[PDB]
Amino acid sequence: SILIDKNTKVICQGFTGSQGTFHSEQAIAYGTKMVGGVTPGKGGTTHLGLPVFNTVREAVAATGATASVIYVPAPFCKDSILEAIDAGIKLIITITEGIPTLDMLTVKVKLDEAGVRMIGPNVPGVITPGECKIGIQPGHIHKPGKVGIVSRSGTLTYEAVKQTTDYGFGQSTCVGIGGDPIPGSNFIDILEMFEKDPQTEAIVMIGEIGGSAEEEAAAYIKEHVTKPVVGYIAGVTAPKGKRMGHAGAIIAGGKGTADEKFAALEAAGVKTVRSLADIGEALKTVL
């Protein structure tokens, strides 16, 4: 598995908010090691039976946690992410949606420079079936396994996650890298991980129209990935012009079309599937 596991100790930023609360409980019930959370002004109290701190540094020092999950509203993420980076956290999972693109542009440079890894923003989270769950993905449709999943989409991931669990393949680790224009991690980041991970025997890569992250992943796969990869690109019926749900969803410049990505993936040696329903079959094949 990659990114997290049974040992990963997690703190939650925006812990006393609706979503931070609701999902922290879910992560708690899944057995994720939630050691506490942070909410400026509420330090000193306990929530969901855990210590609540005023600053991330206090929490890190107090719990030794290494990963932080963020449920802070967009208007304040740059401040949360930069604080977490500075407090020593090495893995940040930002669930938040709506961060200004210029904010993430700067944060992305920071993250890199500081050797800190971030999944998101605008992602469901990451989950290692059976061991650790950080985010909002349905824990009941997973199953410890051999397939690794990377997805630019949230819900789509679930379709794939169910299919692999249904073909009794199981998931090594699920990672939603997100939609947003400039994300913390891209396909190539997560792919290089699944490759070096023994427990992962095959990879499922879910992308969509817009940008060229997939096209770039394709070249990486072809030159560096050895394990079998099944790929799926959504938005073939999507029209040029408007953004489909996400900002990076628009197919502009006559580029970033679904078919463009499919081909590139195909030429890279990736088992593409035209219907999101045949992801399981495709695996059954290559496996």
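Residues carry their position along the shown sequence, with the first being 1.
Taking the PDB entry as given, 252-260 carries the higher mean Cα B factor of the two stretches 41-49 and 252-260. Higher mean CA temperature factor, per the PDB entry, when comparing 70-78 with 159-167: 159-167. Residue-level inspection of the entry shows that, of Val56, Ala65, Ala247, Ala29, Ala247 has the top Cα B-factor.
The deposited CA B-factor of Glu216 belongs to the middle third of values across its chain.
When the modelled residues of the chain are ordered by their C-alpha B factor, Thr101 lands in the lowest third. Sorting the modelled residues of the chain by their CA temperature factor places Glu113 in the lowest third. Among the modelled residues of its chain, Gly145 has a C-alpha B-factor that falls in the middle third, as given in the PDB entry.
The entry lists a Cα temperature factor for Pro181 that places it in the middle third of the chain's modelled residues.
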